[PDB]
Enquirer: 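The structure is given below, and queries will be raised subsequently.
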Amino acid sequence: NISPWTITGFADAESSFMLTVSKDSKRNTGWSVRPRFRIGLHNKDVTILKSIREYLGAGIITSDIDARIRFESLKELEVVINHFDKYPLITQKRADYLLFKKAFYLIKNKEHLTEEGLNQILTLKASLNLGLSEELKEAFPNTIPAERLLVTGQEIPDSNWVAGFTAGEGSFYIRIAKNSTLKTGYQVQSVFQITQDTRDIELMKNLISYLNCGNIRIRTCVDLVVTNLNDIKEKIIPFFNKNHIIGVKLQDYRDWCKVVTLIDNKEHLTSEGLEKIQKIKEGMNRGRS
DNA sequence: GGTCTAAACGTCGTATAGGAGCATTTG
DNA sequence: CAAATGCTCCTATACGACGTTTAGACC
Ligand SMILES: [Ca+2]
Ligand SMILES: [Ca+2]
Ligand SMILES: [Ca+2]
């Protein structure tokens, strides 16, 4: 059974809180307003969604061009709010959650069925994710976007949060670089990585302190990158051995571990070992069938 | 000078995120 | 009826993941 903090870490990475405001003749305000919480993944990772659904006892799972679990009914969203109230998000998505939660209360309480409440919903939608469309701006021109929490000074709440976040944003890959100064003609490196938009660089720096390794790379997006071999051996691998990765990426993690073993035993410095490692690498990540 | 590790630097393709609205059920 | 939400379809970028070059430790 998945940990609640794993769920929150994974949602910090992959989830979306949404408000749809659609023109509708059939409604008394002329508009339809509805809240949504959703996680959408590659079809191969439907199992993660089933795990979340089994934990919470709510959510509708679909699989077509992608796999999604959605929470749209007031009963389902109540389960979502109860969870995140207990196990709070720590990325900037915490701010989206707070806007969403205010909207949920307005809708749950039917205040959205008034001109006043509808207008308030629009201030919330305006600061949530991508904000108001041109059409919505045209229809609600005097909307002042609600204040958005700048999320700051957040501590890593639990080791399983890190496992969930990494299952969403992390990468375990083997880097092979053509390099003539090596006997085999190639350098072999094991790499652990977490990627995130710079809006959360503070969190990323906190992750470096928390895991006690890694460097910050800015490209904007930020990468937490661990390349040091016995930071990988004695910190990253022990960490994720206790705090488990979920989804197909677990298989990538396992293969990654195997190559790290081969590297630790210097087999990457031989032609045969390099061939071994390449074969494993080719079956990992994007190369996994 | 040779061999090697670490990581700074480069960068592509899509699985994530985010979106909107018609159809159906419900009381 | 109209409100709620089931269901389905649309868009595209922050992610993941793959590749090369550089600084320099160690012998
Ligand atoms: Ca994310
Ligand atoms: Ca992911
Ligand atoms: Ca992601």
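Letters A, B, ... mirror the listed sequences (proteins, then strands); counts begin at 1.
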Enquirer: Go through the N and O atoms of the side chain of A:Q193 and the base of C:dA17, and report whether any donor-acceptor pair is under 3.5 Å.
Expert: yes

Enquirer: Using whole Å, report how far CZ of A:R219 lies from P of C:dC18.
Expert: 13 Å

Enquirer: Would you mind classifying the nucleic acid contact of A:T62 as base, sugar-phosphate or nothing, using non-hydrogen atoms under 4.0 angstrom?
Expert: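 Nothing: the residue A:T62, judged by heavy atoms under 4.0 Å, touches no strand.
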
Enquirer: Does A:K266 reach a base, just sugar-phosphate, or nothing at all? Heavy atoms under 4.0 Å.
Expert: nothing

Enquirer: Any luck finding a side-chain donor-acceptor pair between A:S15 and A:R38 under 3.5 Å?
Expert: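 Side-chain D/A pair, A:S15 to A:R38: absent.
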
Enquirer: Salt-bridge test for A:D252 and A:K249: reply yes if a basic N is under 4.0 Å from a carboxylate O, no otherwise.
Expert: no

Enquirer: Between A:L182 (CG) and C:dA25 (P), how many Å, whole number?
Expert: 17 Å

Enquirer: Could you give the CG-to-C1' distance, from A:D223 to B:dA7, as a whole number of Å?
Expert: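 Rounded to the whole Å, the gap is 12 Å.
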
Enquirer: What does A:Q189 touch in the nucleic acid at a heavy-atom separation under 4.0 angstrom: a base, only the sugar-phosphate, or nothing?
Expert: base

Enquirer: Determine: side-chain N/O of A:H112 to OP1/OP2 of C:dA4, distance under 4.0 Å, yes or no.
Expert: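 Yes, because at least one side-chain N or O of A:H112 sits under 4.0 Å from OP1 or OP2 of C:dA4.
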
Enquirer: Is A:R217 side chain donor-acceptor paired with the B:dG10 base, going by distance under 3.5 Å alone?
Expert: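 Side chain to base: pair found, below 3.5 Å.
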
Enquirer: Rounded to the nearest angstrom, tell me the gap between atom CZ in A:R38 and atom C1' in C:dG6.
Expert: 13 Å

Enquirer: Under 4.0 angstrom, heavy atoms only, what part of the nucleic acid is A:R68 near: base, sugar-phosphate, or nothing?
Expert: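 If one applies the 4.0 Å heavy-atom cut-off, A:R68 turns out to touch a base.
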
Enquirer: Please determine whether a side-chain nitrogen or oxygen atom of A:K125 lies at a distance below 4.0 Å from atom OP1 or OP2 of B:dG18.
Expert: no

Enquirer: Between A:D85 and A:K101, does at least one N-O distance fall below 4.0 Å, as a salt bridge requires?
Expert: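 A salt bridge is present here (some side-chain N lies under 4.0 Å from a carboxylate O).
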
Enquirer: Under 4.0 Å between a side-chain N/O of A:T195 and OP1 or OP2 of C:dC15, yes or no?
Expert: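 The answer is no; no side-chain N or O of A:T195 sits under 4.0 Å from OP1 or OP2.
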
Enquirer: Using a distance-only test with no angle check, is there a side-chain donor-acceptor pair under 3.5 angstrom linking A:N179 and A:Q187?
Expert: no

Enquirer: Would you mind telling me which residue lines up with the more 5' stretch of DNA chain B, A:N129 or A:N43, judged by nearest nucleotide?
Expert: A:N43

Enquirer: Is the distance between the ring centroids of A:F192 and A:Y173 under 6.0 Å?
Expert: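 Ring centres of A:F192 and A:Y173 not closer than 6.0 Å.
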
Enquirer: Quick one: is C:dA3 close enough that its OP1 or OP2 comes under 4.0 Å of any side-chain N or O from A:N28?
Expert: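 For C:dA3, OP1 or OP2 has a side-chain N or O of A:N28 closer than 4.0 Å.
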
Enquirer: Is there a side-chain contact between A:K44 and the phosphate of B:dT14, meaning an N or O under 4.0 Å from OP1 or OP2?
Expert: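 For A:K44, the contact criterion (side-chain N or O under 4.0 Å from OP1 or OP2 of B:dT14) is not met.
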
Enquirer: Can you see if the side chain of A:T227 gets near the phosphate of B:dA6 - specifically, an N or O under 4.0 Å from OP1 or OP2?
Expert: no

Enquirer: For a quick test of reading the model: is some side-chain N or O of A:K249 closer than 4.0 Å to OP1 or OP2 of C:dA17?
Expert: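 Answer yes for this pair, as a side-chain N or O of A:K249 is under 4.0 Å from OP1 or OP2.
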
Enquirer: For A:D64 and for A:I107, find the nucleotide of DNA chain C with the closest heavy atom, then tell me which residue's nucleotide is more 5'.
Expert: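 First, find each residue's nearest nucleotide; the 5'-ward one identifies A:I107.
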
Enquirer: Separation of A:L118 atom CG from C:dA2 atom P, in whole Å?
Expert: 17 Å

Enquirer: Counting any heavy atom closer than 4.0 Å, what does A:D66 reach on the DNA or RNA strands: base, sugar-phosphate only, or nothing?
Expert: base

Enquirer: Taking the ring of A:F10 and the ring of A:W5, is the distance between their centroids below 6.0 Å?
Expert: no

Enquirer: Any N or O donor-acceptor pair under 3.5 Å from the base of C:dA4 to the side chain of A:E72?
Expert: no

Enquirer: At 4.0 Å (heavy atoms only), tell me whether A:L229 reaches a base, stays on the sugar-phosphate, or touches nothing.
Expert: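 Contact class for A:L229: sugar-phosphate only.
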
Enquirer: Atom CZ of A:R175 to atom P of B:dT11: distance rounded to whole Å?
Expert: 15 Å

Enquirer: If I read the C1'-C2'-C3'-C4' torsion for B:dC4, does it come out on the north side (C3'-endo) or the south side (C2'-endo)?
Expert: north

Enquirer: As a test of reading the structure: which of C:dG6, B:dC4, C:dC15 is closest to the side chain of A:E169, going by heavy atoms?
Expert: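 Between C:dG6, B:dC4, C:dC15, the one nearest the side chain of A:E169 would be C:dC15.
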
Enquirer: Between A:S16 and B:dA17, does any side-chain N or O lie under 4.0 Å from OP1 or OP2?
Expert: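 Answer no for this pair, as no side-chain N or O of A:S16 is under 4.0 Å from OP1 or OP2.
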
Enquirer: If you pin A:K110 and A:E14 to their nearest nucleotides in DNA chain C, which one's is more 5'?
Expert: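 That would be A:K110.
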
Enquirer: With DNA chain B as reference, determine whether A:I263 or A:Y173 sits nearer its 5' end, using the nearest nucleotide of each.
Expert: A:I263

Enquirer: Below the 4.0 Å mark, does C:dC7 have OP1 or OP2 next to a side-chain nitrogen or oxygen of A:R70?
Expert: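 Checking C:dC7 against A:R70, a side-chain N or O does come within under 4.0 Å of OP1 or OP2.
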
Enquirer: Base, sugar-phosphate alone, or nothing: which one does A:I194 contact when heavy atoms must sit under 4.0 Å apart?
Expert: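 Nothing: the residue A:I194, judged by heavy atoms under 4.0 Å, touches no strand.
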
Enquirer: If you round to the nearest 0.5 Å, how far is CD of A:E14 from CD1 of A:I48?
Expert: 8.0 Å

Enquirer: Nearest to the A:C221 side chain among B:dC12, B:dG21, C:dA14, which nucleotide is it?
Expert: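 Nearest listed nucleotide: C:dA14.
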
Enquirer: Tell me if the side-chain of A:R36 makes a donor-acceptor pair with the base of B:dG21, cut-off 3.5 Å, by modelled atom types.
Expert: yes

